[PDB]
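Asks: Following this: a sequence and the matching experimental structure.
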There are 40 protein chains.
Amino acid sequence: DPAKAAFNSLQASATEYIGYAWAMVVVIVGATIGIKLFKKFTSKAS
Amino acid sequence: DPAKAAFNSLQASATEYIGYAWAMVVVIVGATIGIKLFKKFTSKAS
Amino acid sequence: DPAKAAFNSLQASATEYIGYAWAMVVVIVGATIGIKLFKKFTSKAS
Amino acid sequence: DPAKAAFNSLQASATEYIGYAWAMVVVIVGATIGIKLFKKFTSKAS
Amino acid sequence: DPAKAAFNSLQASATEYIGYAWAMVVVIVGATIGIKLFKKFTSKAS
Amino acid sequence: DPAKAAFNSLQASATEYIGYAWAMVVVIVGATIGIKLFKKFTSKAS
Amino acid sequence: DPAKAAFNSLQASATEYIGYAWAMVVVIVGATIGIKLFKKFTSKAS
Amino acid sequence: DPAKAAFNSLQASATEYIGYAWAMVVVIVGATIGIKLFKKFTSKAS
Amino acid sequence: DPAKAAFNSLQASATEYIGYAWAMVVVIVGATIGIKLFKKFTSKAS
Amino acid sequence: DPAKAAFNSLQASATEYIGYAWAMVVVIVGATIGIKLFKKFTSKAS
Amino acid sequence: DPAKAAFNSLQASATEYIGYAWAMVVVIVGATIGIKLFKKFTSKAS
Amino acid sequence: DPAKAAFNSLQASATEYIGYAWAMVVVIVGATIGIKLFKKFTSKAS
Amino acid sequence: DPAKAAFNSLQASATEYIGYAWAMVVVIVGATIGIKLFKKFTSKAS
Amino acid sequence: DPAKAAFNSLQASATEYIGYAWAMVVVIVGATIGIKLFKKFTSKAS
Amino acid sequence: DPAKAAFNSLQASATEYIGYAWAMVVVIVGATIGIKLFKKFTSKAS
Amino acid sequence: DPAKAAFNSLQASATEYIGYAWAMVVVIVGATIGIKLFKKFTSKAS
Amino acid sequence: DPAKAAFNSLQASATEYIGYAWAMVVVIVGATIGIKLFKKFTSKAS
Amino acid sequence: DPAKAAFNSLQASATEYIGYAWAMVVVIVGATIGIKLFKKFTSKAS
Amino acid sequence: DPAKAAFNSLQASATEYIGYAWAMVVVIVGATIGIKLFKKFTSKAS
Amino acid sequence: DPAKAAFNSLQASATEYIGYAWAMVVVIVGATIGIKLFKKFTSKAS
Amino acid sequence: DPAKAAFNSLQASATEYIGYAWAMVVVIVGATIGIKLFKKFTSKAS
Amino acid sequence: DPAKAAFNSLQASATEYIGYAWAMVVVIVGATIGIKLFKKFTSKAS
Amino acid sequence: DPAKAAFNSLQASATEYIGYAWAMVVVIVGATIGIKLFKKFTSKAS
Amino acid sequence: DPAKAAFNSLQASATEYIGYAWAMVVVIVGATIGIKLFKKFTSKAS
Amino acid sequence: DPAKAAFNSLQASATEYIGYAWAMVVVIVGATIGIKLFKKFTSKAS
Amino acid sequence: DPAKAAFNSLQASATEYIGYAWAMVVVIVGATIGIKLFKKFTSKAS
Amino acid sequence: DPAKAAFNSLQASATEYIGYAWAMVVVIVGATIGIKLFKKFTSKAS
Amino acid sequence: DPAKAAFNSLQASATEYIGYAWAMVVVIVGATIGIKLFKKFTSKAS
Amino acid sequence: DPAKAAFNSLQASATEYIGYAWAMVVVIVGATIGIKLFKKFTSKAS
Amino acid sequence: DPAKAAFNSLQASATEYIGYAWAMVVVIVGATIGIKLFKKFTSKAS
Amino acid sequence: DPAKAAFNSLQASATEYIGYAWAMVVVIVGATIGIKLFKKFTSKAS
Amino acid sequence: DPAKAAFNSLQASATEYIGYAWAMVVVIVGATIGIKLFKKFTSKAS
Amino acid sequence: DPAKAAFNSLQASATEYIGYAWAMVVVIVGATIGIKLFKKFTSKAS
Amino acid sequence: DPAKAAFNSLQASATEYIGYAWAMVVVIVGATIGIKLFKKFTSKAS
Amino acid sequence: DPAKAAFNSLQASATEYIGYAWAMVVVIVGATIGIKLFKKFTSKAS
Amino acid sequence: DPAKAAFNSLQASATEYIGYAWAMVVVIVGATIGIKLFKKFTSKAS
Amino acid sequence: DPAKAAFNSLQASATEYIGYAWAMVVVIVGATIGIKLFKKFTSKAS
Amino acid sequence: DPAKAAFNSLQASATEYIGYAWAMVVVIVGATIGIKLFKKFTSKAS
Amino acid sequence: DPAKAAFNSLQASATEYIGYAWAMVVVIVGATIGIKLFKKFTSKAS
Amino acid sequence: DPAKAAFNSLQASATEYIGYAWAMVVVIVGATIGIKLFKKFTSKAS
């Protein structure tokens, strides 16, 4: 079925995009949470 | 009647399309909800 | 009248086709509405 | 006149055919409108 | 007048032939118009 | 004049035959025109 | 006069022949007109 | 004139046939227009 | 009358041909209407 | 009367020929009307 | 007129669809508002 | 003119059908607008 | 000239027949065109 | 001369017969042309 | 000329039919546009 | 020459009859062409 | 030539009928076009 | 022209619809803005 | 050419109808845009 | 040859009648085609 | 010889009659063919 | 006007919904502002 | 009758053509509906 | 009767010609109707 | 009598010639009717 | 040839009608496109 | 042989008349075919 | 029989022409259907 | 018998001419039917 | 042969008329296609 | 046989006329069908 | 015998005249049939 | 009613989705409020 | 056969016209699809 | 049947075109869905 | 240009709405900033 | 070509509409951005 | 072939119109996309 | 088939459009994500 | 390719808008971050 192959390729492409999205969000959140913890720990320790 | 068999085949084809659509939407929504919960919980815990 | 039996056979065929249509539209609309509710509720619950 | 009786019997046959046509159109229009309203009201409710 | 009798007999023959002709006309024209109206009403009803 | 009486008899006989002929012509044409008009108007009305 | 009596005999004999001729003319003309009208009315009827 | 009376009779017969034709066309056209407007207005309302 | 029997035979033959014509038109019109309604209802269901 | 017997023989002969002619006319017209009606009804049915 | 009864039946069918739609929308909106108020009040109280 | 009464009857039928249409559309539009306002106001009030 | 009188009388007969023919033509053509315009205008107005 | 007088008598008698012949011709030709034009104009009128 | 009067009376009948058609089209177009504007303005206001 | 005078009279008589015939032909054709053109132009205009 | 005058008269009559035909077609076509443009522009404006 | 009056009436009908729509939208927007300002000012003041 | 005046009258009627259309669309579009701006600005200002 | 002159004169008559016929043909066909093109172009332009 | 001279006289007289006959034939045939072609070309022209 | 009554009923229904919306928002805001003031006053007083 | 066999063989050929038509329409309708459902379900899932 | 034999032989010739005619009719009409149905079914299936 | 014997011889000889004439008539009439029916049936068949 | 001039004059009339049609279509298309673009650009700007 | 010379003269005269007849036939047919083709091609081109 | 061979030859010629007609109609119908499906499928794909 | 031999020769001559006539008839009809069928099938195929 | 030259002349005349017909149809079809494509492309661009 | 030669010469004339007729038929029918296909293909391509 | 020799001379002279008659018949019949077929085939060709 | 069963199944499916949504939101809110209370109580107690 | 060559040359001309039609439809369809895809992809990218 | 091969070739052409359509729609839909997912995921990840 | 005036009035109406929006936002912001400053200054001063 | 000038005029009209739209959107967006920045900066500064 | 030049001129006209369409759509789409980007970027930047 | 090449060319054109769309969307989304991240990181760091 | 140039100009216009957007966002963010740092540093230093 052409439709079966089409739907399978669309789902495979979606999975690749999800992989890239997760890589980017990890990098962004790492920085936001890192900066938050640094500012919090520096002031608290002082 | 040829129409009876034709209508039945089209309904079976629609059922196949619904199966493909549900599989893709589960993957798509799963990633969306996962990223949302990840950012939310990370902010609350840190 | 040969027409009386002809018109009757055509109206019986129409009634059969309306039943095949009301079985396909239930399946298709049910799936689309189900996907809509699934995405909506997952977003609100998360 | 023979033509008088002929014209009257033809106008009688035409009236019978009109009745058959009206009965069939009611069923078909009812089905098409029913499916249209079903889809509209379902989408609005969801 | 043998001629008067001849003309009178010729008219009865003509009148009979006219009756036979009218009967066949009604049957044939009724059928053709019946098929015409049948096709027209079926198309509009569908 | 015997010859005059003869001419007068044959002319009177001709007039009789002309009257009989005219009556038959009216009957034949009326039937034909009736059939023609019936077919035409039945086709037009439908 | 014997000659006058002979004339009367000739006239009476001729009258008999005129009657026989009229009977022959009626049947022959009837067939000719009958077949003519049959073909005419059958054509118009069909 | 024999023709004068014959022509008048044929014109009167034509007028009668016109009356029958008008009655039939009114019934048929009325039904076809009614079905058309019914389908149109049902669609607009829905 | 020879013409009487001939006219009756032709009218009977016409009735037989009308029966064959009605059978064929029912089959053809039924198929065309069926294909039309099939395409219409499949579109509405989808 | 020898002349009477002669007229009687020729009239009887004419009647025989008229009967033969009528039979042939029925066969020829029946065929033509059959072909005409077959073509007309075949065109109408389709 | 058949149209009058047909229009009345279609309006009655529309009323039934409206009843089904309102029941579903009350359940759907009830859940949506309930979840929203639940999260809001829990956050304010705690 | 038979047409004057025919056109008048058609315009009277049209006026009746427009009234049946303006009764169905009021019910349908009223319901859809009511559902829209219901969802909108419940969201803002909550 | 008995011939001049014959030709003059023949023309008056022809002129009368032409008047009768024209009267019948106006009635028949008026009706056919009236039905044609009626059907056309009803369809466009609807 | 008695012979010359006899010639004059023959000429006068012939003139009378020519007049009777002309009257007969006028009525017969009038009927023939009248029926011809009647059939022609009735056909064109219808 | 008889045709002159005939053409003029036909052009008069056509003008009357145009008036009837215009009156009907105004009512039908008014209703369709009225329903269209009602739905549009109601949706915009809500 | 008496024979010459005779030929001259018959030729003059023929010319008279030819003139009368031409006048009648113009009247008959004019009527027929008028009816034909009236029907054609009335059909075309509508 | 009698034919020359007759042909010229028939051509003049044809020209008159063309003038009547053009007047009628202008009125009818104008009305049909006007109704068409009216419906089109009302829809575009709404 | 009937179209001129029809277009003017439709424009007047549109003006009425606009008046109804503006009245409803003022009430609808008034409530929306009122609730928004109520919640905002209450939070700021308290 | 009668057509030159006919085509000119049709183009003049078109120009008039375009003006009636450009007066209705200005009113309708103006109202819809006014309602859109009203709702948008009230929301931002509040 | 009085015959040669007769044939030569007959041709000139025929040639004149052909010229008259062609002139009338051009006028009638020009009008019918003009109306045909007028109706076609008006419909496409509108 | 007187007999030979008489023969010559008969031949010369016959030649004169042949000439008169030819003149008569030309005018009569001219009218017959002229009316025939007039009717033929008028029919084709219309 | 059916449209007038429809628009008036829609506005009346909207006013009822606005009444319910205001009742609900007063209850919600009472609680949110009450809890806020309680927490604020309790801590400040302590 | 030869026509009986002819009508039967034509109704047999028509049935064969109906089978070919139904087979083709099933393939084409299946493809169009398949593409329609594919696009709809894909868009909804994404 | 040599005439009876002649009439009998003429009928067999006629009957043979009718058989030949019917055979050719079936072939030609079958082909024309086959092409007609082929074009109709191909268009509807596509 | 020798004269009586001669009469008998003449009658017998005439009978022979009547037979030869009948054979000639049969073949000639057969060809005439055969070609007539051939042309008639070939035309109807095509 | 008269036909040559006739064909040329008809091709000249057709060219004139094409010019009138093009002028009218430009005005109508300009108006419809103008209204379409007006509504589109206004909505986008607001 | 005087008789031979006579036959030779009449045959030569016949050939002359045949040549004149052929010339006239060409002129008449050419005109008729020209008119027929002009009408046909003018109808087809438009 | 000469007619037997002639009828058979004409039927064979008809069969040959049917073969040529079928070949041409297949090519033309195939192209028109192909263009139709090409435009339809390109639109669906886009 | 010399008279018998004469009748036999004329009958043989008639048969020869009948054979020649039949051959010419076949050639003429074949051509006409071929042209008719070519035109019909060429029109149908396209 | 006189007919040979006549047939050749008529075929040449037909070719000339075909040239005039092709010129006119190219101009008319070109204009109608141009107007169609103009309206289509303006709509697509807008 | 001078008759055999006459029949043989008549056939060659007929065969030539058939060749000339067929040539003209091909040219005329080719042109009409060419214009028909041209108009059809231009419309579908556009 | 001188009488027998005279008989032989008469027979030989008659044979010469029969030959001259046959030559005359051939040319006259050829022209009649030639013009008939020319008109027939030109009509079918066009 | 197929619509009744369809609407009932859709509402039942919605109720199931609402059950899952409530389960998920309880789990999420439990964690967010638990973490909030823990952090608040730990710091306050210290 | 001349018809064989004619049918073949017509099928050759039809094939040429199909080629021209296909070339034109490719260009027009390419342009319409190109504009459609351009607008779609541009809107999606922006 | 030539139709059996014709219908088969048309269904084979349809199957080929459906494959070309299912290759273009996969590419187009794939691209549009890919762009949708790209924009959606980039927004959520950032 | 009607469009120019329409666009100018829409822009003027927009400018008025902007004036009202700015008046309302100044009042709202005055209060929010006033309350903020009051609360801030009161506590800071204390 | 008239189309060239028409297309150029429509493109010029589109350019005018774009100029009006850009002017209005600058005013509309200017107010929107101005109010947003006003509220934002006032809150930050105070 | 006159068609070859006709089809070529039509394809050249199509190519010209496609260029005028691709110049208008670029301007219109460019403006709409420009307005979209303008509003989007101003909002994000502010 | 020309369709095969046409479909392939259209798919290649679609691929080109997809390439242009992806390039533009990367630039557009890149700027959008860049501005969002710029504002977010600047606020977090400062 | 017109599409290539169009897509390239759209991308170039987008790049210019991105340049302006970045300039504006730098100015806005400079102020918001500047005010934030000033307020923070002033209070902290004090």
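Replies: Great, that's in hand. Numbering: from 1, shown residues only, chains lettered A, B, ... in the order given.

Asks: which residues of chain A fall in helices?
Replies: Chain-ordered helices for chain A, with DSSP state H as the definition, fall at A:2-45.

Asks: For whichever residue of chain A sits closest to chain AG, the count of nearby residues, please.
Replies: Going by CB to the nearest CB, chain AG is nearest to residue A:44 of chain A, at 11.4 Å. (C-beta placed from N, C-alpha, C; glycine too.) Using other CB atoms under 10 Å in any protein chain shown as the criterion, residue A:44 is surrounded by 7 other residues.

Asks: Could you measure from it over to residue B:7?
Replies: Relative to residue B:7, residue A:44 is positioned 71 Å away (CB to CB, to the nearest Å).

Asks: swap in residue A:9?
Replies: Distance of residue A:9 to residue B:7, given as CB to CB: 29 Å.

Asks: if you count what's nearby, which of the two comes out ahead?
Replies: The neighbour comparison of residue A:9 against residue B:7 (other CB under 10 Å) goes to residue B:7, with 24 against 12.

Asks: Skipping adjacent residues, who's closest to the more buried one in space?
Replies: Ranked by CB to CB, 6 or more residues apart in numbering or on different chains and with sequence neighbours excluded, the top spatial neighbour of residue B:7 is residue C:20, at 3.9 Å.

Asks: need the contact list for the one you found.
Replies: When the contact criterion is CB atoms under 8 Å, 6 or more residues apart in numbering or on different chains, the partners of residue C:20 are B:3, B:4, B:7, B:8, B:11, I:41.

Asks: what about the fourth one, how many neighbours?
Replies: It stands for residue B:8. As a burial measure, the neighbour count of residue B:8 was computed by other CB under 10 Å and equals 13.

Asks: Burial check on residue A:26, number of neighbours?
Replies: A count of neighbours around residue A:26, defined by other CB under 10 Å, yields 12.

Asks: Then residue A:39?
Replies: Residue A:39: 12 surrounding residues under other CB under 10 Å.

Asks: which bits of chain A sit near chain AM?
Replies: When proximity is defined as CB under 8 Å from any CB of the partner chain, chain A approaches chain AM at A:28, A:31, A:32, A:35, A:36.

Asks: so what's the first one up against?
Replies: This means residue A:28. Each residue near residue A:28 by CB under 8 Å, 6+ apart is listed here: AI:45, AI:46, AM:37.

Asks: Narrow these to those that are buried.
Replies: Buried positions within these, assessed by neighbour count (16 or more other CB atoms under 10 Å in any protein chain shown), are AI:45, AI:46.

Asks: want to try JSON lines for the contacts of residue A:28, with distance to chain O as columns?
Replies: As requested, the contacts of residue A:28 are arranged in JSON lines below (distance: CB to the nearest CB, whole Å):
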{"residue": "AI:45", "distance to chain O": "37"}
{"residue": "AI:46", "distance to chain O": "36"}
{"residue": "AM:37", "distance to chain O": "39"}
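
Asks: And the residue nearest to residue B:7, how far from residue AE:25?
Replies: Shown here: residue C:20 relative to residue AE:25, a distance of 54 Å by CB to CB.

Asks: ok, now residue A:2?
Replies: When CB to CB is the yardstick, residue A:2 and residue AE:25 sit 52 Å from each other.

Asks: burial count for the nearest residue in space to residue A:3 that is not next to it in sequence?
Replies: Leaving aside its chain neighbours, residue A:3 sits nearest to residue W:38 (5.2 Å; criterion: CB to CB, 6+ apart). Here the count is done by other CB under 10 Å, and residue W:38 has 23 residues near it.

Asks: Next up, the contacts around the closest residue to residue A:9 other than its chain neighbours.
Replies: Using CB to CB, 6+ apart and skipping the chain neighbours, the partner closest in space to residue A:9 is residue AI:30 (6.8 Å). With contacts taken as CB under 8 Å, 6+ apart, residue AI:30 has the following neighbours: A:6, A:9, A:10, A:13.

Asks: Please report which of those has the highest neighbour count.
Replies: Neighbour counts for those were taken using other CB under 10 Å; the highest belongs to residue A:10, with 22 neighbours.

Asks: List the contacts of the spatially most central residue of chain A.
Replies: In chain A, the residue lying closest to the centroid (CA atoms, centre = their mean) is residue A:22, at 2.3 Å. Taking CB under 8 Å, 6+ apart, we find residue A:22 in contact with B:31, B:35, AI:45.

Asks: Tell me which residues touch the second one, please.
Replies: The contact partners of residue B:35, by CB under 8 Å, 6+ apart, come to A:21, A:22, A:25, AI:44, AI:45.
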